[PDB]
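Each remark here refers to the structure printed beneath this line.
Cβ atoms come from the backbone with ideal geometry, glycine included; neighbour counts cover every protein chain shown. Laboratory data are not the source of any read-out in this text; all were calculated from the coordinates shown.
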Amino acid sequence: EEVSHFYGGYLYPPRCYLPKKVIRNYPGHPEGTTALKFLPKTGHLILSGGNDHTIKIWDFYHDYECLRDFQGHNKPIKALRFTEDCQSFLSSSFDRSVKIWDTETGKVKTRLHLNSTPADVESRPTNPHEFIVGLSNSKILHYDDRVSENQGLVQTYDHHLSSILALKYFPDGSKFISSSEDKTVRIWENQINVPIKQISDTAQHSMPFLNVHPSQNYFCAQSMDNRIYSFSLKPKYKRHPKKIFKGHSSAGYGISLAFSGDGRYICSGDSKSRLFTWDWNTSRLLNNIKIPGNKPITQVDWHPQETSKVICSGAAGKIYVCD
Amino acid sequence: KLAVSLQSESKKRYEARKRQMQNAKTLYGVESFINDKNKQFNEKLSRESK
Amino acid sequence: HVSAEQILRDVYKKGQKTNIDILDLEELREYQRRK
Amino acid sequence: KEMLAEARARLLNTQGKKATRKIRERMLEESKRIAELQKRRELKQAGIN
RNA sequence: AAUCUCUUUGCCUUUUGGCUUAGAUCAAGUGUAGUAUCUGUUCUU
RNA sequence: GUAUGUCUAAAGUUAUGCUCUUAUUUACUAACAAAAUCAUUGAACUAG
């Protein structure tokens with residue numbers, strides 16, 4: 001049985017620079033924060049999840065209070081993803097369930113009882129009804145909540161050989177990228193169980209995280225070799241030989257990476273409680289802010305409109321803002 | 001004092017060999033090689049011409 | 001001019017190409033067992 | 001120019017199929033090892049030993 | 001009397017681990033695809 | 001086409017200059033492919 005509490009709709013919206021220091025913090029999740037995302041396009045709200053099995057929305061402006069709390073999972077939160085219209089968000093949990101939450105009323109629009117851990121969930125940028133779930137059993141499930149047949153499971157992608165690590169749609173929603181514990185990255189056409197591209201190499205390590213650069217020309221992948229690689233988003237999608245970002249530590253942690261609103265910079269968490277930031281053109285490391293708590297900072301996100309406000313969190317539980 | 005003297009002399013010898021290896025890895029003039037072990041082998045062959 | 005010596009220097013340069021940490025006793029046991 | 005490129009490539013190789021597969025297998029074994037520790041660490045942080 | 005760095009000498013310290021008929025033969029190929037790769041042009045710098 | 005190897009992921013809970021867009025060149029790989037001169041005929045067939 002799900003529950004939700006309100007504390008205030010809030011969805012209506014009320015050249016970048018390097019961040020330099022932590023300006024403020026939020027209570028976050030006591031046992032650790034496992035998911036953190038800014039509200040699309042305007043970033044006036046922060047959605048987060050953690051080990052307390054709860055999900056929380058926090059105001060990024062005014063009094064910085066928590067506005068809505070969602071309690072519908074019996075185990076830690078694994079992934080969180082907003083829809084194109086912000087009207088809903090998806091949540092996955094170690095309880096083997098994916099739930100769609102109405103961002104405003106906190107009512108569950110849909111429930112999926114899975115037979116495997118939903119390692120990552122993603123929603124189609126051009127259709128809020130379509131969502132894909134990456135499973136620990138290596139399959140990727142595509143659902144269309146409008147379809148009642150088989151609970152809306154319209155497609156299954158099964159070429160990966162090991163647990164899915166991350167999922168990321170192309171900005172136009174025609175194709176999506178997937179990464180897996182099988183050490184390969186694959187690009188898929190929507191609803192077609194055929195990978196149009198496969199990215200694999202002898203020295204290429206598994207990539208626990210994927211993101212797309214604001215220009216839509218390249219995508220970046222956090223790799224277990226403590227490096228960030230970049231790949232073209234145009235046909236053949238070759239790896240960019242020079243845009244490699246190095247300096248941080250991430251091996252053994254699913255550390256997220258984000259891009260500045262203007263795409264001038266790239267930033268990422270660090271396993272030693274720090275926030276690194278590199279120049280997108282030369283890939284030179286420009287800063288590494290120390291975050292309180294002395295715990296791995298696995299969650300990092302850059303505000304879509306602010307010039308330099310970044311948010312980060314991790315095993316310490318509290319959420320910190322850098323600027 | 002004995003344990004410390006043995007540790008310090010082992011350390012000194014180890015670092016001396018480390019520097020010697022960096023020198024060997026940067027000297028040139030030896031016959032063409034395709035990898036580091038091949039370089040060390042060609043250098044060994046060169047020491048026989050003495 | 002190309003030379004055999006130049007070719008082999010380019011071969012040498014062509015061929016001449018992660019720090020995990022142990023956080024607790026269980027990882028130390030895994031590491032020691034493997035070693 | 002293509003002749004020189006092919007020559008440099010064939011002149012570089014030194015190990016047979018088995019040794020080369022052992023190299024790629026050791027790299028894969030390491031990536032599997034790190035994925036195993038990542039999952040174990042997430043579980044540990046959640047109080048699930 | 002005790003450091004530091006040079007140079008020589010010594011040490012070679014990641015410094016070729018069997019056998020047979022050189023063990024044997026081959027290295028002319030269409031479409032499409034996959035991977036790597038090449039020149040140029042703008043762009044990055 | 002094999003030999004053969006690997007995988008199968010909850011629960012049956014053990015107490016705390018340097019790049020990019022893109023049109024080509026070259027190499028390697030593909031039991032993928034019934035390809036028009038030289039009363040209808042390679043045709044289901046080849047493996048350490």
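Couple of notes before you dig in:
- Here the range A:72-129 and chain B have alpha carbon centers that stand 59 Å from each other.
- With distances taken between every two different alpha-carbon atoms, the range A:261-323 has a Kirkwood hydrodynamic radius of 11.7 Å.
- Entries in A:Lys242/A:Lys295; A:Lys20/A:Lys242; A:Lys168/D:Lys39; A:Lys139/A:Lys272 that, when Cα-Cα distance is taken, lie over 28 Å: A:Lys242/A:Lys295; A:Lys139/A:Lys272
- For chain A, convex hull volume per residue from C-alpha positions, Å³: 121 Å³
- Pairs beyond 31 Å (Cα-Cα), from B:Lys11/D:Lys32; A:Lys243/B:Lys25; B:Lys11/D:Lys17; A:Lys75/C:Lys35; A:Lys183/B:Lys39: B:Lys11/D:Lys32; B:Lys11/D:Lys17; A:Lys75/C:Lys35; A:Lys183/B:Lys39
- Selection from A:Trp58, A:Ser93, A:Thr42, by position along the positive dipole direction of the range A:25-148 (Cβ): A:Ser93
- In chain B, excluding the sites themselves, the longest stretch lacking any of the GluC sites (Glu not before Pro) that are in a DSSP loop with at most 15 other Cβ atoms within 10 Å is B:1-30.
- Trypsin sites (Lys or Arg not before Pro) within the range A:237-302: DSSP coil, no more than 12 neighbouring Cβ in 10 Å: A:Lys238, A:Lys242, A:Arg284
- Here the sum of -39500 (n - 2.57) over DSSP H runs of 4 or more residues, divided by the residues of chain D, equals -28000 deg cm²/dmol at 222 nm, to the nearest 500.
- Semi-axes of the equivalent ellipsoid for the range A:187-290, computed as √(5λ) from the eigenvalues of its C-alpha gyration tensor and ordered from largest down, come to 24, 16, 12 Å.
- For the range A:172-214 versus the range D:1-22, the gap between their alpha-carbon centres in whole angstrom: 29 Å
- For the pair the range A:223-240 / chain C, the C-alpha centres are spaced 21 Å from each other.
- Chain B, helix-only ellipticity at 222 nm - DSSP H runs n ≥ 4, -39,500 (n - 2.57), divided by all residues, nearest 500: -23500 deg cm²/dmol
- Low-density loop positions, trypsin sites (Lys or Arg not before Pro), the range A:27-70 - DSSP coil, at most 14 other Cβ in 10 Å: A:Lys41
- Shielding by partners - mean other protein chain Cβ count within 10 Å, residues of A:44-57: 1
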